[PDB]
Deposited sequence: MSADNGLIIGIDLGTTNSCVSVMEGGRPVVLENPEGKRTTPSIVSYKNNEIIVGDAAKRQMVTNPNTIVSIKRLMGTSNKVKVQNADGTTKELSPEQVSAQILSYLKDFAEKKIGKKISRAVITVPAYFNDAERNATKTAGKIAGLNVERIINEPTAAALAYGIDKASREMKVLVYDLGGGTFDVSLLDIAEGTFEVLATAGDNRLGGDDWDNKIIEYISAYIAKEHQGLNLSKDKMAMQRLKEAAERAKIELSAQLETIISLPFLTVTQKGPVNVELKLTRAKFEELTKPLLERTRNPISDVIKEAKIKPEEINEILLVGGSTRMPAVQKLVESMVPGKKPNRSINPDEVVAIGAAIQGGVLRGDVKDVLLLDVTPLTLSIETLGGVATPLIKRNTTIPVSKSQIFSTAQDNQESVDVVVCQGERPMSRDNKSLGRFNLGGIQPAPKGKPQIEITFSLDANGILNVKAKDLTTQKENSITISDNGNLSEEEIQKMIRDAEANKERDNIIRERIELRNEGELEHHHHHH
């Protein structure tokens, strides 16, 4: 029946995506962000999810971070209610609050109720870990139609199921909390995780902490051993400044960590304005980064292949935007360029969304092709399809030819557009019709009407009929196609090729084409 949304339920951030008109689309939360902190907080008997919970993660003791780590387990998390009593919550319930939130704002964006989803998980996850994830989904009112692996999701986003050949794919996932490297074998639509290895206590958070150590060391140096470890408001601000600094060093060779009024001492207010170079940040985080090297070789050997045999490498996780990470990965797979062309923090959700569409039935797969798959033609005298843009021409393009009138004293012309490789326009699929009058009584062949088929680089078509004498010009704009639908029309022409050529004997396109008027 209804839409099946794609959810990446991540350790540190979550992302939600859905198929819209044959494309995956990432949905943005109410704060306009395409990803959402996997963080829940409790205050005044009100549940807070995402950015607002992250903004009080150190200050509010109730905040629950990295709940995903306790999934599958029987552990509990205790939080204070308003009255001082203690409520106890399972990892299924906390995750269900995050999923409810994602589900909520998606309904508001889509404007429909949503009750089905694909949820992704780490490849290593066992059945309890997956049943807790599935139970989270049920508590949130979502029929979980399938649970898929994060790196399998990544491969669907990159259309690797469409390769029509065996593919060895290395997926390097460095998130905020977790690192995973997986080796996939993808053959005839079956996804097999040959091998997985990594560290679920290693991620971009650990990179930030080295910046917190840096800022701390600097403060102690500058202010006679000033230590703010036990100050919650201070530590909240450092954690945030650390992550801002880190992110800026993925596009800058340095940055300024700026923390005015960090605290006040008997000396007055302490202001930090601290430079951190990319070189320095890389040095401080070298130990963390290098814990990702051996795992790459480990899974390569575990699946009994050379590096040579790897067909494609995908970068997943937002921490893979870091230059040092991209460089590392490249160093371990000579020849291959790691693929980062789909937002690594969105890529998994996108894959789930694709899987969702495929499970539904509405797999109206649009294709952003740079070349025209079929001939585009105007109907001339006798129902003949005179081509203007030939099959396999590269967009953008605008071809033009002058036509005339089929009958003497003809007041107007019908501009009937059609797509396909067949000699009669009735055989081809029509894309539109429109009229153009203003035409003065004359012999057939006298009026000179410049027709212009025009395609933008995004694909869509505009056909511009112009009477050159009277300047009168009507024009229509056109919608796109499926792969099966393309192939049906190619097949149809292939199937009637003998019939069509005998029709073509009588057709002569080298003379000026003629457009007629049949009454609407």
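Several segments of the deposited sequence have no coordinates for C-alpha: 1-4, 484-486, 528-529, numbered from the first residue.
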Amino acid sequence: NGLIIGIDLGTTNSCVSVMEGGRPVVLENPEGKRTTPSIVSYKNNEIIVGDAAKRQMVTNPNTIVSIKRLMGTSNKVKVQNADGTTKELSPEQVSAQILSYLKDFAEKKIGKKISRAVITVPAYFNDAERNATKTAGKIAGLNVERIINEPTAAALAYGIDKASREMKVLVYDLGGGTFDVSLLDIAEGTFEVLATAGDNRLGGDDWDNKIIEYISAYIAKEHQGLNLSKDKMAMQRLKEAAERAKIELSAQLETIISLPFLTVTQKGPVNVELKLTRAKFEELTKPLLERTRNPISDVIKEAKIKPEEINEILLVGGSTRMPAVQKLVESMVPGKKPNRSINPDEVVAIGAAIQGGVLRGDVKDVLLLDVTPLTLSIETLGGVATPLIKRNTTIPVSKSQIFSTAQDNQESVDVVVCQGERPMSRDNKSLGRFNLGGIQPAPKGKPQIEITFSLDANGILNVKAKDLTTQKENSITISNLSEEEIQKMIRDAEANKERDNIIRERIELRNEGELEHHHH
From here on, numbers count along this sequence of modelled residues.
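Per-stretch averaging of Cα B factors for 151-159 and 335-343 places 335-343 on top.
Stretches compared: 500-508, 9-17. Higher mean C-alpha B-factor in the entry: 500-508.
Per the PDB record, 425 has a higher Cα B-factor than any other of 100, 115, 250, 425. Taking only the listed residues 220, 397, 299, 71, the entry reports the highest CA temperature factor at 397.
For residue 282, the recorded CA B-factor ranks within the lowest third of the chain. Only modelled residues enter the ranking. Among all modelled residues in this chain, the alpha-carbon of residue 40 has a temperature factor (C-alpha) in the lowest third. In the PDB entry, residue 188 places in the highest third of its chain by CA B-factor. Residue 83: CA B factor lies in the middle third for its chain, per the PDB record. Placement of the Cα temperature factor of residue 47 within the chain: middle third of the modelled residues, per the deposited record.
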